[PDB]
Amino acid sequence: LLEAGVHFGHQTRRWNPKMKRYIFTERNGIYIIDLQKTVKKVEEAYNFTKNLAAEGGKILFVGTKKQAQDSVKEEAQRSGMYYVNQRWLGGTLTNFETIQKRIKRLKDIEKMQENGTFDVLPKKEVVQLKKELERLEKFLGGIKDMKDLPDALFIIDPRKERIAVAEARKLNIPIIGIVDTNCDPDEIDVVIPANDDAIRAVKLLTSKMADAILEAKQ
Amino acid sequence: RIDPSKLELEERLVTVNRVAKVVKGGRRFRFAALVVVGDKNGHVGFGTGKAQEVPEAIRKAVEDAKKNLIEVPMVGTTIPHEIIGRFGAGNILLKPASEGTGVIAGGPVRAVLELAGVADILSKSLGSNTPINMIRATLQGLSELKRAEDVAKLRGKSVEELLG
RNA sequence: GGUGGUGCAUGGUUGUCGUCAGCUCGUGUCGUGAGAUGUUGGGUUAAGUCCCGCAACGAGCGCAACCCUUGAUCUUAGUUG
RNA sequence: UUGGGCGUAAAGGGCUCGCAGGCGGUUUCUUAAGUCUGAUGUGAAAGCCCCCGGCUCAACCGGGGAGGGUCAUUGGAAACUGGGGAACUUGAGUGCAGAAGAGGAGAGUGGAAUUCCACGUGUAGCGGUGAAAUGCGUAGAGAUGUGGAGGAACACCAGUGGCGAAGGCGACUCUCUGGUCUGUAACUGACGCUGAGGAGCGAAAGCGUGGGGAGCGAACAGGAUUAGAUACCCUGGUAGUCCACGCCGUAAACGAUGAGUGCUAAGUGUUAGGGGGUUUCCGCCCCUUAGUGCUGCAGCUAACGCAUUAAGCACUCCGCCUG
């Protein structure tokens, strides 16, 4: 059922025959994702994530495309969840201890610039401290209040970004994600076939999941 | 699944290898380690050990041991059937026997089977005499084991029908 | 007691590559393992200087800096000047 | 054998045609050589082994039993294998209709270019190197113009492009001749695969007899180079290469991968087809046989790598290896 869909969406010949049972064929080379199978698989994801919100795995969001930098951040801040619109760091989950040390450095340096000893030099902060502040507010972003190992993750393109999925797979964590047709269904537990770069659809699919956990707050 | 760390690990070592690296000045001698880790109730695992010292390699062996454990069926303190593992040029076969037969195994392999609790194994190191791959020759075969009630559930059949 | 012997028993002490831009560690992975990544790629610098990229994020010893001298000026102090 | 290998570690015969030997599609009847099984006869005793008893226990000795036979006779079993009888057509082959080709052998044909020689024109050098000399030159070289002999090589097309089993074959045309692939269905009814010895082919070198020898060129010679230069360089230079015929029968004769049959994600070009979809088209798209390459999943691998052209998983045959 076309709830608000507009797309069939994406890849030509560079497509995985693991996802053979999912698409149709157009003469244009771009393939047509079956819309009825799309709604049925995301609805069980819409069901189980509400159970996941009742337990304590908050939600993780990661988006590493220029279309993904905006829609993922606004939906995560609508939910108060954890967004990555920048690069992914090698070891955000298994290497959590040096992540928590580094985010501790950001946690108290903001105390220095407004409450702490702000008057040391007029340029010690500029060369070192505020240059640190521009980095970590981007590269460590709004996932900063995590203090936990989460039990879920949402991404946009694992074929672009297998690197983030690896340690999440390696600690037995069921994750969700919109996938491209060339992606890995052996990897992900929750398959969502849709257009990877439709700016409305990536806003649409992140709207349903953020409103899934929004209703699950009671 | 992943075996949890809510167990009683016994963790006695097997070998230590001093392992070099050649720089502008000269060599650099470090140490290698590998420790078979488990209880005596069916959970076996290990990890590598790399450091610049003896005892810190013993420490860091326990980490990947608790990251990677695996479970073995213990039917009558035996392996339930016969199997031959073949990981990486070290072949080590596994044969069950009666309960008086003890643990007849190779050097590093004998420090694996007693860290399963399983006390009835005949085995024979067909392949090479290298300590990492012989332990890889064991658990890969022990991964491919099966349980009596499980395969009857796989076949949709009676468990006693597998015996009679 | 030895300015008797061995600096291929030694402490200690300095030269030397060279004041050269390097040497590793912690965690994470990578590879059956040795090791690899971090340190490599891009742009610069006296410099592993520093930025960007980057399955790595970090930290430590180094570089520089805080130390002296000389180069300007003010305060205070003017004799044996 | 249970209980290895063969890309590079020791190992695929250079490749073929094949007698013997090896192995067999499908359906059905039948037979019982293999196979399965009973019964009987027998494999002495001591010894091993099952269990008792005896010696002060033990060792030893004794009692009883089992076991040991590709054993023979006899009677059963008929799925599979062997044998016989009869059918089916996918394997393989034949017809027919196409298409591709540097496949072979033969006699002949040219076109640039090298040199040689004849001559005009024309003067001091060209020739050659890291540098330079030897060689060539006032007897007229080199350069240049026409003409002549003669050989061998066949640009451009040229391309992980064609074809052959391999070595190999590129000017052109003719004569003669091999296989290849598609299209089905007309036919045969398993006629097939592999193959020790045996047979034939097999670049270059070399050999024997004559032919022919323009370049090129081992041996040698000369000039340098160098402490030495029996070498790289240098100008010449014999055999050779070349042809017909005969022989040697080896090579990194390489995909460092023995031949065949099936099966196991893709994506991608590219050579020859064929089928279709709108279209006479051109074309695009899709399906599909065949070699031809690259990047890739599972799995295999000691790692590099290999991956529907396997080194994946299986099977039949032949060779080879055991530091």
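- Method-wise, the PDB entry is recorded as coming from cryo-EM, at a reported resolution of 4.5 Å.

**Focus on the sheet that holds strand β6 (residues 83-85) of chain B**
All names here are of chain B.
- Pairing is mixed in the open sheet, where four strands are placed in the order β6-β7-β9-β8. The open sheet has two free edges, formed respectively by β6 and β8 (103-104), since each of these has just one partner strand.
- On top of the sheet, helix α3 (residues 131-143) reaches β6, β7 (92-95) and β9 (121-125); it is set at about 45° to β7, its chief contact.

**What to know about the protein's contact with RNA strand C**
- Not every one of the 28 residues close to RNA strand C is listed here, only the nearest: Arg135(A), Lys50(B), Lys60(B), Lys67(B) and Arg136(B).
- Backbone atoms, meaning sugar and phosphate, make up 79% of the atoms of RNA strand C lying within 4 Å of the protein.
- Residue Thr98(A) places a side-chain N or O atom 3.2 Å away from a base oxygen belonging to RNA strand C.
- Contact distances for RNA strand C include 2.4 Å between a phosphate oxygen and a side-chain N or O atom of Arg135(A).
- Counting residues per element, the ones that place at least two in the surface near RNA strand C are α3 (96-114), α4 (124-139) and α5 (162-170) of chain A together with β4 (48-51), α1 (55-67) and α3 of chain B.
- Per-class residue counts for the surface near RNA strand C are seven nonpolar, eight polar and 13 charged.

**As for the protein's contact with RNA strand D**
- Around RNA strand D, the neighbouring residues are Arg13(A), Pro17(A), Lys18(A), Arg27(A), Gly88(B) and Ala89(B).
- Backbone atoms, meaning sugar and phosphate, form 89% of the atoms of RNA strand D found within 4 Å of the protein.
- At 3.4 Å, a side-chain N or O of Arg13(A) approaches a phosphate oxygen of RNA strand D.
- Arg27(A) places a side-chain nitrogen or oxygen 3.1 Å from a base nitrogen of RNA strand D.

**Some points on the pattern of salt bridges**
Residue and element names in this part refer to chain B.
- Counting across every chain of the model gives 15 salt bridges over all chains.
- Note that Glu114 is salt-bridged to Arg12, the shortest N-O span being 2.4 Å. Within this pair, whereas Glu114 is found in the loop between α2 (107-113) and β9, its partner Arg12 is found in strand β1 (residues 12-19), the two being separated by 102 residues in sequence.
- Ionic pairing is found between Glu56 and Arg59, a salt bridge with its closest N-O pair at 3.9 Å. Here the residue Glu56 and the residue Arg59 both occupy positions in helix α1, the gap between them amounting to three residues, near one helical turn.
- On the basis of relative accessible area, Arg59 is assigned to the exposed category, the value being 58%.

Basis of the calculations
- Residues numbered from 1 in each chain as written, not as in the entry; some residues may be left out.
- Chains lettered and ligands numbered in written order.
- Part of a larger assembly, values for the part shown.
- Heavy atoms only, no water.
- Pairing = 2+ DSSP bridges.
- Helix = DSSP H or I, 4+ residues; strand = E, 2+ residues; numbered from the N terminus.
- Contact = heavy atoms within 4.5 Å.
- Axes fitted to C-alpha atoms, helices over the stretch in contact; angles between N-to-C directions.
- Near = heavy atom within 4 Å.
- Polar contact = N/O pair within 3.5 Å; in protein donor to acceptor, adjacent residues only side chain to side chain.
- Nonpolar A, V, L, I, M, F, W, Y, C, P; charged D, E, K, R; others polar.
- Salt bridge = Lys/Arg side-chain N within 4 Å of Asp/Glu carboxyl O.
- Buried < 20%, exposed > 50% of the residue type's maximum accessible area, 1.4 Å probe, protein only.

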